[PDB]
Structures are given as structure tokens and as C-alpha cells.
Amino acid sequence: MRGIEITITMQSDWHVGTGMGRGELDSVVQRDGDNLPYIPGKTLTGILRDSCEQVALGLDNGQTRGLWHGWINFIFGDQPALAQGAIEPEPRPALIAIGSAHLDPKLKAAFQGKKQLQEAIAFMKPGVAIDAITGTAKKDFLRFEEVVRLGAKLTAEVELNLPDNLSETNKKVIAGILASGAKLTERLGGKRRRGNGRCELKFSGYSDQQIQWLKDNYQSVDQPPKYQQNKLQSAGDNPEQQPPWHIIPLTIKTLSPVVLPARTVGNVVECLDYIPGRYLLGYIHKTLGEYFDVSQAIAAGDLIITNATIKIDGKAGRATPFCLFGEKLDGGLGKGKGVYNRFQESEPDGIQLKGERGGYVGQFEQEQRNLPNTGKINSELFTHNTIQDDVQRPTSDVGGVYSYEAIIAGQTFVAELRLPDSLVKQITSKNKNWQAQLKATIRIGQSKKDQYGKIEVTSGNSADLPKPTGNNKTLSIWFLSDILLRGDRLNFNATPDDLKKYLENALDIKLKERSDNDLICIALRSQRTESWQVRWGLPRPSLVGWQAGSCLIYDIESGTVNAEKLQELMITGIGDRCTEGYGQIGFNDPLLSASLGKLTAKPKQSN
Amino acid sequence: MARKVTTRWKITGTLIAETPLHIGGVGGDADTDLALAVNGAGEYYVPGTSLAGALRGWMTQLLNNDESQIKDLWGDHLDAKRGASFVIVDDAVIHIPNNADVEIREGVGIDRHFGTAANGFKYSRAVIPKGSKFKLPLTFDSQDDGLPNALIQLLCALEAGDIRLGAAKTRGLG
Amino acid sequence: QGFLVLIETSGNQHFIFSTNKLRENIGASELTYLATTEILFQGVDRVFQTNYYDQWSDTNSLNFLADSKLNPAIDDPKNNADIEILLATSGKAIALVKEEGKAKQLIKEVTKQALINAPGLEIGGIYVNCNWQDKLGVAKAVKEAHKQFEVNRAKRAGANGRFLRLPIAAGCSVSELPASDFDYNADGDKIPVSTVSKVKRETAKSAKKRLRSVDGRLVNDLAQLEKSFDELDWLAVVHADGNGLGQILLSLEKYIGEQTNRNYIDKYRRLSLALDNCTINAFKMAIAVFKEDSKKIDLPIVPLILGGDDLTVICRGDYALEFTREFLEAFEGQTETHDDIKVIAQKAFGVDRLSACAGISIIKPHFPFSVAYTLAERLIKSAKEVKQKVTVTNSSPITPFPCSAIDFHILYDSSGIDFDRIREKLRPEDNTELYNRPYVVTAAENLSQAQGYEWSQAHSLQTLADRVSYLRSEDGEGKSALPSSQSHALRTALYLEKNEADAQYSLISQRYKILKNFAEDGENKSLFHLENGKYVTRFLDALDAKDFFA
Amino acid sequence: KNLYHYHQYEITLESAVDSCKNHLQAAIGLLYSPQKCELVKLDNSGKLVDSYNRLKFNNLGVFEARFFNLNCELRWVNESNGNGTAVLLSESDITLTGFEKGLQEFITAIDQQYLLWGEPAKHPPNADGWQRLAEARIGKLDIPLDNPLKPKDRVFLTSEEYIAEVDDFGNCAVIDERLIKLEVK
């Protein structure tokens, strides 16, 4: 259920802190990707929940645990951070997901390019402490604070995903509670207790009549129904995989910030700069599981979804080869000069180079006359707190502050959904317009119910299958995504001669390492991955492997390299867990083959 | 749980300026050096903070600086048991009366030797005229029964008109 | 004849900062140090039956290896032994051995102890031949071991593959590893932690002992200090590297003069030890900057690396610039005082001194230190550009003049968290940069002959410290010589067109005369000056650094 | 001093376990499924009450499994459509019929522990021979432990890491890690 909206009217000057000042200002407000003031969804849910818990007090006769606190835990999800002891029931997610409240889209658009207006929306408010004795301004307590002009009207999407089995009676209960919380809410943001941030909050389509039904009925309610996971259902229908591989490009645009946990570490989460293919599998279910047994296809490996990398040159960007080295002072792809493919080129005389590591490179070709185009992902560290709900401030006991890296809005990504003709025949014969139906908006990532995670998905037209250049002298390998391999005892490990064995067996050839003293044969780095089985509420086993952009090259010792087998491995990917996006690989790419030391990069209203 | 309020109290009425008032902003709608604070809509208003601290100041005199009492009404960031204020003070817009507008007072320094205006010691304070009105914007949350006796005293002090607000409190206003 | 053996510690960034708990960071630094020192000597002793470990621990300093009666000069077959230490330092050590089988045993022995006593540490070594009957054999062996080691690190089997959360087991409170035993939070609540965090915390207590050699002002109550870096408004990470010193090591056969391997060894060994001594001494001098905290038990600073070319410390954030400046100034002065430097530095550059660059990241206490240090590496890499901008007069090959430099950033919540995004955000007009960095730290007199002296003066750190000092000045009623509101208008103006920002300066400087000092055109009508065809100003930095001097 | 490893190929998971029962006697098991991650404990005979129903692959079934006891650990992972490699570890040489055998020498081995989730639950599983660990971050967790947990117990897994040479330079690395048993602490 979508298209319920919260509306907010600010009736006094209002302030949502960054938790810090800047320069001459001791407090500055959070601004969105369009530099306007806005109310973060995490604040909005936090405030609305708080008012709902006030209702629960009024109905539980002040009992801090009870039937109606049950309902609030049902509606807004459990807080497993604060409950402690041997709690047996799984922590339930919230039914209610709430965006950030933004300004009206037309007003927002009007400010485009008009920097001085974007400043004028805020203004400075003073503050001072008075010495109780001398009755004068207490010096070094003078304080200047940014606040946002009252009268702003803001709105946020709400989505409810009520259980389909939910009794009609309970729907009116939930509507009753949620309506009551909006009515009872009066303030949000900073210095609520001193008159900033007074507001009205209303739901579209809830009114006093919803509260009236509760007031007439509430004594008749019960505890909420117990939670249930939405399990899979396999069917076994899938026709067995046959070539060709069709390749559907999916374009992803970050409409809101997105949090993609690279490594959790205490109260902070670092974020990736690509979207793991695993995130999209839920979307695959929600749009194709009517047409074929998605779960069977995954288990068979009949489906691959790549990672999403930033779009460059109209296509998927490619993680920078670790064979590239830049001049330690003057060069590298960041400086658009002095980049040496150490598979082919000697180090210049005297000048020490450093290997490239980060970032993404676009297209390259046998003679581009220019270094490949370089992509970058803009990211920001968002910050949040938890209020200890009785003293009504953060405390170390409640965990204080926490923060997320996020990919910011307007970043754009590409991924490929790869399907055998066998499934495409089934899908197409059931629906020729399916590629139109792939257009959807979905929520992925960490904290996905709140301000984070809104992405657009949009199919392109079908791409061409990749066509690796065969070369019977040398095999060269670029890891376009992280590579996971089992050791010979099925443990994870990272030993390159395992990969040597793997590739030469898979291609049915023999390989020898490049022996030259000044051309490096191998440039790898290890990789280890935190992950969670949301299907089961436990972490996934720690995946270990080689990170994307690792590269290596070999001389072919004997045999012949089949161009068709190369194409197959580039489409399917090598190693373990390819289906969710690992294992993606590129052979004999011209970038690894060419020498680049001489080259440079190319030169780079409102209504 | 959200702060276990037993009884919320809304406490409201009309505050009347018995003298002219000034609350300084940082630039204001006045042309003056000493210019009035205004809300984001440019209306003349009493900032909730300035009123709240005025009330809390008077409460400090009543309780003889007994902070262990003050901090259980007005809150404290330091004490692990305290935190948020139980009194709440919203902003109030000032209704200057019909056909009336902000006055400007002149101010001057008199050289104590020559008896004449001292060089540079001139200023021109804007003031809200006497008899302007604004809403008493208080709310109070009681975690126990009744109404705190010191808070009852404060309301009597407001009915007595004993509490001064804003700038220039010694020298005509507030 | 024999073999050189090199032992080098990799990933020192990750191992120290991979957890945000100060005590664990300190522990990690000790494991890094004790690996290539204490642990190393114990490995050498068990292989070769020496007692280097006893002599060091009785000495409490590396200098015991200086006198080759105790550290046999094995190139003399009368001073016969299987072993000599060329050098030991933080994260790196080099030793010389004549027997290939025992050479392999040595590397294995140390790395075995590393896996046991220092879980999560990455360390490895290499042996390479030395035809010592040829001069420069040691010099060759040094460079050969370096360039071969870089490759072997990559092709080595996966170091990480041991603490797998596989199978499913409780998350560590402070890292992505599975918890392995309990320990206590800073408040003493029992909490689960990984062996890596545990063994760090155990080893952390060695630091407060070892740092007693430095200064008892430093660390005495680890837990109280942790329960104070959370109180501070700002932390900082300071990272600093010596200029050219790496290239000096990579060129030493030129500077030793007498090409005999003994002379190369003697100078190479002594130079490095002298550099450690200079680093420690300059640190003792710089920590005097923490003046306001001098009343109470421990200064708000934690050294984590303090030798070789490298200083790496966490400190109170608003102090870091003044602390780091005094370190760099003291370091340059100290380097001139040693003969072990003089003869090499004079031949390498024509001045008694060496120099060092530094990068300073200034962060809120909850900001992930891994991200902050990552930025510090990029910042110092920027500051090192003075090597390119300032050069020895008529040098051939063109070579960097000795000149210390700083780069820094203050990570306000909207300012992004990567260097390129940070600098991009400060380029509002395509022809304009609101920053002017790096800052040259060396004093003008010590640069006065250099080519690019005039450039170095424009970028002199003194220019910023002056201007911030102006903003801290007050008028007689006690209010700052520029009001905050006016400062906000100026920052706003910098995002406008140049002509608008130049206008705004004129308007405000006509009122607040002090801004006459801040003009950069030399025409007293623009905060900007033209630079490499761009427009840049230092003024914005004076706004944002307004508070950040001790 | 050797770590012995054993391989078999194409073997279906139920048939691998049935082959190894002589060594996996009373072993703990851990089973990975797209919908589940479930523990089991084999009978003293090493059989399982649901074997073919439990270890069925196709219907969202088990695709990777581990079993271990004092003497040995079995690993298995699906290679294709439920065919998979089995590998057993043993610190002592033991014949497995039809397996390939090899070994790795290792220098030394050391204990590690992993804290399992959950505190001792206020009541046991109704199944005897089990205990319950519960912790709100994951909810309930049922473990095949027979000794009754006291309040403020914790259960630890225990594991042995093996250290060996990998580089010809003699650089040590942890080649493998074997799970031993659950242990109450």
C-alpha cells in the first residue's frame, strides 16, 4: 500500500541540527541534496513514534509494558537494542515506512541556480547565558544559531505493508493509533522545549473519525497478531538452461541516499561505492517470480545479476586495474597524466610510481589516444542519535550517536540481469511486455524503511553479448568484481595458484606465469565481506577472496584458447556465488594489453 | 517508554506589556543599530528562549539558587537522571494594537563635565509600544500528582507583574 | 659472502585503526612495534643462540646494536658470527646472515610468533643473495629486497582468512570479527570482543610502560583517557613523513663516499637510529603545546608511531596544528645537530637539515578513524607537492629542496569524507578555489636561496596563523574585531561570482578596518589573488580554522 | 606432524554423510539453506532421523553443510544440482572408502573460541538433549547441547587453527581451521 502521505506545517521557526556548528555558527541545519532545509525521515519516525507511545501510556494506564505497548512494538517495530535478557521472540520489523519530508517540488525547483535565495531560507538567531549574580551576559556563552523560517509546508511519503491476513478490525486499530500520534504531536527538532519547531502533522486520509472509532472500541481490542516471515515457495517448473544468454541492462538511479554496508564497526557503518547484485534479488522475486521459479534458477545458477557500477560512457563502469601505476608526485588517473600499465611498460628512469587502487575507468580500445574516462561516487557521512526515552536525551547507556556513510542522490548505476534463452522463452511467451514491467521504484540497503534506500530501476534495451578477443600467445585477466574461490578443502582461501589451476582447467589449456624481471605478473589484494541472512536473521559466513580491480596475466604454455569459452566465462562469471554478482571477469581486455605512459586524459535556468 | 507524564498542564492567557519592550535580534526589521528580534515571517515576537529564561531566572531567586530543585523542572544536560525540561515555552507573536507600530526611542550620553551630549554616545532603540499583547505559551508535564508549589508561585508572580522581560530592564522597559 | 634478510610489516594503517576504541588502537601500535623489535630479537636468539633480546631489554633502546663488539661486524671473518643486524625500526628491520638454511628459519620463527602473540598482524620477510666480495653488494641487496618484496606481498596467500565468522557466532562489539571472549567497556560492563581486540588490549599495557622512557605526562590511566576523547569537541589524527628520506635511503651509495660495504652499513645503521632519536626528541619538545591541559594527570595525546621517518598520533583536535608545527620546526632543527645526518644531508641537498611533511585530519570523536586516517594520507600527499614546487638551484637532476609542509582539513558534517569531494566542494566557480594549500612551514630564512622561495612565502603557514590571530582579536568592549554575522556574509560571498565576493570585501572592510590585513591582491580590493591562472584565497581557511590554534 | 584431508566428488550430500558415519559419530551439524540455517546432531550411529528428507537439495534444500566432532570435521558444498564435493579433515590418518587422500604438514596448532549467540533461556527446548540460547538481536537459538545451562553461562565453540609454511621464504600462514566441539564456559 503506497501513496499515503504525511503533511507537515511548521508554525514556529524550526531547527534540525547537524549535531555541530560551522565556523561562526554554533548550530547549522541539515540540508538535502538540493541544499534546502528538510526534515530527515529518521527524525520524523522518531518523533511520531514518541507521540504514539504517549497514547500507549494512556491506554496501558501507565504500564510501561502491556497490550498497547505491544501494538506500538507491532506498528513501529521492536527495539532489540534496548530490550535485554533472554528475549526469545525474533525482533519484528515495522509496518510503517516514512520518507524524509521535503519542501514542495515546485518551490524546490524554483530555487535552482539561485544561491542567494537558498541561503535566505534560514536566518541566524542569537542566544546568551546570564550570570545569576551580576545579571549580565555571561561572556563566552554567547551563541549564534541557524533556524529555518516558519510557514514551511513539507510532505513525505508513507508506505504501509500491513499483513494480508490482518483482520479488518486491526486495520482500524492501527489507523486509530497512527491518527492519534499525528494529532498529539506538537513539536519536532531542536529546542522543542523553547518553542522552536512547533508544527502540525497530519496523515492524508486519516481524520478524527479514525480516532473516534478507537475511542468507541479500544477496550475490545487484543494483543496484535504474531509476526510471520514471508517464506519462499519453489515450484520446479524451470526449463533447463540453453544458450544464447540474453543480457538485460538495468539502470539504477539513487533517488534518496542509500546505505550499503561494506564493513560494520561498532556504532558506524562504512558504505560501498557500488550496489551488490544480491540487493536486487528481492526485486527479481517481486517482478518475475510469477513467470518462473526464481529460487530454482538461482540454485541451478540459471540466473546472474551483476553488481551495479557507476555509469560511464553510457555503460557500466569498470573497477580500476591494479596494474596501473601513477607518478607519485605528478601523475596517475587522478591527475590525468603519467599512468603506466606495468604489465607492458618499464618504470620510468628514477621516478618511483605508486599502484592505482580506487575508482572506476570507462571504455578503452586498441588505440584511444587518451586515458580512459574516470568515474567517482559522491558520498556523505550522515549522523543520527538515539534518545533515552525517559530522560529524553541521548546517553551512553542508550548508545548515544551512530552514523552511516551513504551514496548521495542523483548518482546513477548500471547492472545486467543475465538470463538463458530457456527462461526468456517462458517469460516472453507469458508476457511480451515484461521488459516494460521491470520499471519500478524499490527500497534497498540499510535502514531501507526510512530516508535511505529509494532507487529507480529502469530496463534498457537488450545489450549485445560480450566478445572477448582471443590471443593464443597470452591470457590476461581483469577481475571486474570480487572473486571468491574455495581452497582445495572447500574452505575459503586466497592463493593465486588455485586460480591458475582453475582457469587453465576451465579453459582446457595450460598456463605459465610471466617471468620477466621488470614486467609484473600479478597484482592482487585480499577481500573479506560482512553479510547477513535476512531470510534467517543471522550473519552469512565470511566470504574471502580477491577484490575487484585485481589483475594478472600469463603466457599460454600449451593448448589453444577458445574464443567461445572465454565469452561463456565472461557472461557466467567464475568461482563461487556468481549468481549474486561475484566472479565477474574480463579476458584480454585492450586496457591490460596497451601501453599508456605516453597518453593523457581528454579535456573535460528556473521557472 | 516515552516520558511517563501523569498530568499535562496547558497554562495560557494574555501577557500585556506594562511598559515598552525590546528583545534584540541580530539585524531585525528595524533600520536601527539596536533592532528588534523577529520571527521568520518578519513579525515582532517574543522568543520562547528569552521568556523561558526570564521565568527560570525568577524561579532561581525564589528557590534561593537551590539548583537541585530548578533542574527537576527546567532540566539539565549534565545529570544522568535529568535531561529534558518539563516546562515548555513556545514562541509567541506580538499583536501590536490597532493603528499602532514600533516606536523608536532616542538615547544619548551626557558628558558629566560639560553637561552636553558626549561624542559618539548616541543610540536609537526601537521598542514595542506599551499595551501590546501576546499569548502565554506554557505547557507543563507532571510526573506526579497536583501542581508543583513553586510553579504556582511563578504564576502568581506573573499575575502580580513582577517579572521583567527583554532588554533595558533597569532603564524603563521590559 | 651471505644473504640479506628483510622483515617488513604491511597494512599498518588497517591494523591500528580498524577499531574505534582508543585502547585497542594503542594495543595495535604495540604489536606492530614489538613484532619488529622485541619479538624479532627473541626469534634471532632462538635460531642463532645469540642474546640480542637480553641486551636490548637491559638497554631499553636499540643503540646496543651500534657497537660491533656486541653486534659482530661479520664482514670481518675474524669477528666471526652467523648474524649481524643492519637495522631495526618500527614495522621494518634488516639483518645479514651467511647461511641460507638458517636464514629461512629466522623468517619462519618470527612469523610463527607473530601469528601466536600478534593475531591479525600481517608480517613477512624475504632473503636475497649478496656477493659480498663485490662492493655495494649490501646497497644492491637493500634495493633488491625492497622491489622483490612488493611483489611477494601480493602473491602471498591470504592473510585475512582465519577469523571467519564462519560458523555463525556473536558479533564483536567493536569489529566485524566474531567474538571470542569477553572483556569490558570503558564503564566496566561485560561485553564480547574478538581475540584481536582482546590481545591488543592486553598488549596496550606495554605501551604505558614503554612510553615512560618518553614522558610520564603521556599515558597513565588508559581508561580515563578513553573516557575523555569522547568528551572533547574535536579529535585530530596527525600523520607525518620525512621529505626525501626514502629517496635518500634509495640512493645512499652516492652519499657514503667510500664504497666499502662496511661504510654503507655504518652510515645506513647510524642514520636511521639518529632519525629515531630526532623523532622522539622533537616529540618531547612539541607536546609542550598542550599547555592548557598541563594541570592534570595526562596530556590529551596518544603516540601510535614514533620512529623511522614516521610520526602518527591522535590528539585533541584544536591543538593539532600548533602541536604539529612545533614538531616540524623542532624536527628540522634537531636533524641539523647530528653528524649521522649532516654529511649525508649536506651532500644530498646542501643544507644541514632534513624535512618532513604532515597531514592533519580533524574529526568528531565518533567519526571513524579509518576514514580520517585515509584522508590524512591524501592530505600529506598534497603537502609533499612542495617537493615539486621548490627545487635546488641549478639542480641536475632536478631535486626537491628541504622544506617542511602541512596540509589539513576539518571534517564538518556536510563537507564530505573524501579528499577529492572535499576539494571539489571548495571549487564553486570553475576558475576559483576557496582553499590555498599546502602551507609551507619552514621559515623564510632557511628557504631564502631556494628556487621558488617567493612561492613558498605565498604558501607560508605563517600567513594563515596571522590571519586567524586577527579574527581572535577583540575590540575594547570584548567583542571580536569582526562579528560572526559579517563572517557569515563573507563565506556566502565566496560561493558567488568573483566580482560579487570582491564587492562584499570592499563593503565590509570599509567598516572593519582590520580586513585591510586580509587582502591578497595587493590592491586592497579583493580577498583573492591570481594563482596558476586560477583565483584562490586563504581567507576561508581563517574562518574555518578560527578556533583551531592552541 | 600432519593435517590429513580427504576428497570425494559428485557425491550427493546424504550419501557423503552416510559414507562418513563411522567418523562423524554423534557429530554436531550445521546446514545452510536459502530459507534456513539449522543445526542438527547426528545419532550416535552417525545417522539422521530425517536424512533424505532433511538433506534433500532441490526444494530450497541444503547446499552447504558442516559436521564435526573431536576426531574429524566434514565439509560439503553443492557443485551442481545437488552433486557436490565432500572434504573431511582429520588430525589422524583414517581410511575412508573411495576417498582420495592427501596431507599437509603443519608446524603447530592452537585453540580458538567463538562465542555463540544467546544467553541461557529461561526454559529448555522440550526436546531432550538440547539447550536454548536467546538474545533479542537474533531471538531464540537452539543448540544440541546436553548439559543443562546455568544462568550466566555462555556457550563457546572451540576450534583448532593449523599454522604452516606457505612461502618458500618460510613465512607462516594459517592453512586451515577445524571445529572441535561446543563448550560451556
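Chains as they are written, first to last, in the working numbering: chain A, 1 to 607; chain B, 608 to 781; chain C, 782 to 1331; chain D, 1332 to 1516.
Don't be surprised by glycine CBs; every beta carbon is placed ideally from N, CA and C.
Please give the ranges of any beta strand (DSSP E) in the segment 541 to 589 of chain A, keeping only runs that are unbroken, at least 3 residues long and fully inside the region.
543 to 546, 551 to 558 and 585 to 587
For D1099 (chain C) and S810 (chain C), the rounded distance between their alpha carbons:
Between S810 (chain C) and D1099 (chain C), the C-alpha separation is close to 24 Å.
Cross-chain neighbours of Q1462 (chain D) in chain A, by beta carbon under 7 Å:
Those do not exist, as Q1462 (chain D) stays about 12 Å from chain A at its closest Cβ, beyond 7 Å.
Can you name the start and end residues of the alpha helix (DSSP H) that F784 (chain C) belongs to?
Here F784 (chain C) belongs to no alpha helix (DSSP H); instead the beta strand (DSSP E) covers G783 to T790.
My output table needs one value for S1421 (chain D): the three-state DSSP class, helix, strand or coil.
strand
Return the residue from the list C:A884, C:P1149, C:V923 and C:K936 that minimises the CA-CA distance to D498 (chain A).
Taking only the C-alpha atoms, the option nearest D498 (chain A) is C:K936.
Thinking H1338 (chain D) and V1408 (chain D) are a contact (beta carbons under 8 Å), I'd like their distance in whole angstroms, please.
Actually they are not in contact, since the Cβ atoms of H1338 (chain D) and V1408 (chain D) sit about 12 Å apart, beyond 8 Å.
With a Cβ-Cβ cutoff of 8 Å, do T251 (chain A) and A409 (chain A) count as a contact?
no
Cutting at 7 Å between CB atoms, please list the residues of its own chain near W681 (chain B), excluding the five before and the five after it.
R663, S692 and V694
Flag this pair as touching only if the segment 186 to 193 of chain A and the segment 164 to 173 of chain A have three or more C-beta atom pairs under 8 Å; answer yes or no.
no
Grab me the residues of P973 (chain C)'s own chain with a C-beta within less than 7 Å of its C-beta, minus the 5 sequence neighbours each way, in chain order.
The beta carbon of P973 (chain C) sits closer than 7 Å to those of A951, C953, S954, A960 and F963, all from its chain and outside the five residues before and after it, given in chain order.
Enclosing alpha helix (DSSP H) for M1066 (chain C) [first to last residue]:
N1042 to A1067
Would you say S27 (chain A) lies against chain C (beta-carbon separation less than 8 Å)?
no
Going by the beta-carbon positions, is the gap between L1092 (chain C) and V1167 (chain C) smaller than 8 Å?
no
I'd like the ranges of any alpha helix (DSSP H) spanning at least 4 consecutive residues and lying wholly in the segment 912 to 995 of chain C.
Within the segment 912 to 995 of chain C, the complete alpha helix (DSSP H) runs of at least 4 residues are 918 to 936 and 976 to 991.
With a threshold of 8 Å on Cβ separation, who are the neighbours of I888 (chain C) within its own chain once the five nearest residues in sequence on each side are excluded?
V786, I788, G905, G906, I907 and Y908
Pull up the CB-CB distance for residue 601 (chain B) and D698 (chain B), whole angstroms please, since I reckon it's below 8 Å.
Residue 601 (chain B) lies beyond the residue range present for chain B, which begins at 608 and ends at 781; the question has no answer from this structure.
Using a Cβ cut-off of 8 Å, pull out every chain C residue sitting near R1397 (chain D), in sequence order please.
Those within 8 Å of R1397 (chain D) in chain C are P948.
Distance, Cα to Cα, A436 (chain A) vs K430 (chain A)?
Roughly 14 Å separates the two Cα atoms.
Check the Cβ of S961 (chain C) against every Cβ in chain D and list those closer than 9 Å, keeping chain order.
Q1443, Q1444, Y1445, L1446 and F1487
Decide yes or no for the touch test of the segment 1339 to 1356 of chain D against the segment 1386 to 1404 of chain D: beta carbon pairs closer than 8 Å, at least 3 of them.
Because the criterion of three Cβ pairs below 8 Å is met, the segment 1339 to 1356 of chain D and the segment 1386 to 1404 of chain D touch.
Taking contact to mean 3 or more Cβ pairs, one atom from each stretch, closer than 8 Å, check whether the segment 592 to 605 of chain A and the segment 367 to 384 of chain A are in contact.
yes
For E1073 (chain C), name the three-state secondary structure that DSSP assigns.
helix
Residues in the segment 1336 to 1363 of chain D having any Cβ partner in chain C nearer than 8 Å
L1361
Could you list which residues in chain B have their beta carbon closer than 8 Å to that of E53 (chain A), in chain order?
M608 and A609
Leaving aside the five residues before and after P1482 (chain D) along the sequence, list all residues of the same chain whose C-beta is less than 7 Å from its C-beta, in chain order.
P1451
In the DSSP assignment, find the alpha helix (DSSP H) that holds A175 (chain A) and state where it starts and stops.
Here the alpha helix (DSSP H) through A175 (chain A) covers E168 to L184.
Does any residue of chain A have a CB that is nearer than 8 Å to the CB of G1470 (chain D)?
yes
Would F1500 (chain D) pass as an interface residue toward chain C - the criterion being a Cβ-Cβ separation below 8 Å?
yes
Drop a sphere of 10 angstroms on the beta-carbon of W532 (chain A), count the other beta-carbons inside from all chains shown, and report buried for 16 or more, exposed for fewer.
exposed
Are the CB atoms of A235 (chain A) and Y206 (chain A) within a distance shorter than 8 Å?
no
Determine, for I1511 (chain D), whether the minimum Cβ-Cβ distance to residues of chain C falls below 8 Å.
no
Chain A beta carbons: is any one of them nearer than 8 Å to that of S1195 (chain C)?
yes
Would you grab the beta carbon distance between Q118 (chain A) and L36 (chain A) for me? Rounded to a whole angstrom, and I think it's under 8 Å.
7 Å
Are the CB atoms of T1416 (chain D) and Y1340 (chain D) within a distance shorter than 8 Å?
Inclusion of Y1340 (chain D) and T1416 (chain D) in the CB contact set at 8 Å is warranted, their separation being smaller than that value.
Cut-off 7 Å between Cβ atoms - residues of its own chain near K916 (chain C), not counting five sequence neighbours on either side:
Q1040, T1041 and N1042
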